[PDB]
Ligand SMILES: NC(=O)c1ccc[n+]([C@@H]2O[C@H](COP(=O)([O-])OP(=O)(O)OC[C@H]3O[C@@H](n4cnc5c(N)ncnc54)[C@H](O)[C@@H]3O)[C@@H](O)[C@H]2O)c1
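Heads up, the chain below is alone and in the form solved without the ligand; it's given as structure tokens.
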């Protein structure tokens, strides 16, 4: 017999509602800091569709030798730059978990929601350890699927947050955004949104940097999820600068922090994993801006899918696919 536990997006959502995704992200970060994760070279398949738009499949294997037992899996994320044009999310795809004994794929999950949830759970972990204590407002630049899942996790982990201050270059999207106990304030300018609070999450798709140091209040934090919004001076003038994995950042010099690392020394304080293990002291905002610049690690998605699968099994959720059919 050859079987797959199949978890569609609505099932993955239900499982995430029933587990602690921030606790899982912190556990995998501690495993990674201890050299107890494996992130092999990605499979990368680029092409151009018939309307000459950039398309790709990225196959991201990962292993966690973690705080329960070993986990093995893959995240497969595919994107077409032309998808939004025809009403589709840019990215879509699937994740598997592998049986430690037999290496068989035993779980298949929709993965594009789980990818956004992983990113938001890292943001929450970063705010817990490195953010201002007690912030009651958050600013978003960009108000799509990523803002919705960040807002959902703010309601779970930061109930003091009652006000979201949003800007989107697509004004109609900003006006449609409702969050998750949240009053939404739509601003005419990115500047107004940043100045309206002590906590910024950038969730754009921009290539050109535009956020100067001057926009931040003293005692501010930015989760640089979109990776190309902050001007170089913000990194150099930062009160503290925390990454997920400095080697991943250095290997991606098309993003501004990676580009700066190739020009010479940058004042990187450390990794959030380093903070979680006690290898580096946390720095919360006081006089300046604390910058969090995570590249994103598929070992987080593998760790989250293992927790989601364990929940699905004990709660009898999802469908069994027979791979043979007899």
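So that the term is clear: the rigid core is the largest set of C-alpha atoms that superpose within 1.5 Å between two forms. Numbering follows the first chain given and starts at 1.
Another form exists, solved in complex with the ligand; not displayed. Remarks below refer to it.
Practice item. Examine residue 62 and determine whether its closest non-hydrogen atom to the ligand in the bound PDB entry is within 4.5 angstroms. Key: Looking in the bound PDB entry, residue contacts with the ligand do not include residue 62, since no heavy atom lies within 4.5 Å.
Check your understanding: residue 186: heavy atom within 4.5 Å of the ligand in the bound PDB entry?
Key -> So residue 186 does not count as contacting the ligand.
Practice item. Would you please decide whether residue 146 lies within 4.5 angstroms of the ligand in the bound PDB entry, comparing each non-hydrogen atom pair? Key: Yes - in the bound PDB entry, heavy atoms of residue 146 and the ligand come within 4.5 Å of each other.
Point to revise | Heavy atom of residue 56 within 4.5 Å of the ligand in the bound PDB entry | key: Yes - in the bound PDB entry, heavy atoms of residue 56 and the ligand come within 4.5 Å of each other.
Check your understanding: Going by heavy atoms within 4.5 Å, which of 163-171, 235-243, 102-110, 212-220 lines up against the ligand in the bound PDB entry?
Key -> Selected stretch: 163-171.
Practice item. Sort through 288, 296, 282, 270 and report the residue having a heavy atom within 4.5 Å of the ligand in the bound PDB entry. Key: Flagged contact: 296.
Check your understanding: Here the chain is shown alone; which of 250, 182, 90, 156 has a heavy atom within 4.5 Å of the ligand in the bound PDB entry?
Key -> When the ligand is considered in the bound PDB entry, the option within 4.5 Å is 90.
Review point. Of 281, 53, 259, 34, which one's CA moves 2 Å or more between this form and the one not shown, core aligned?
Key: Once the cores are aligned, the residue moving by 2 Å or more is 53.
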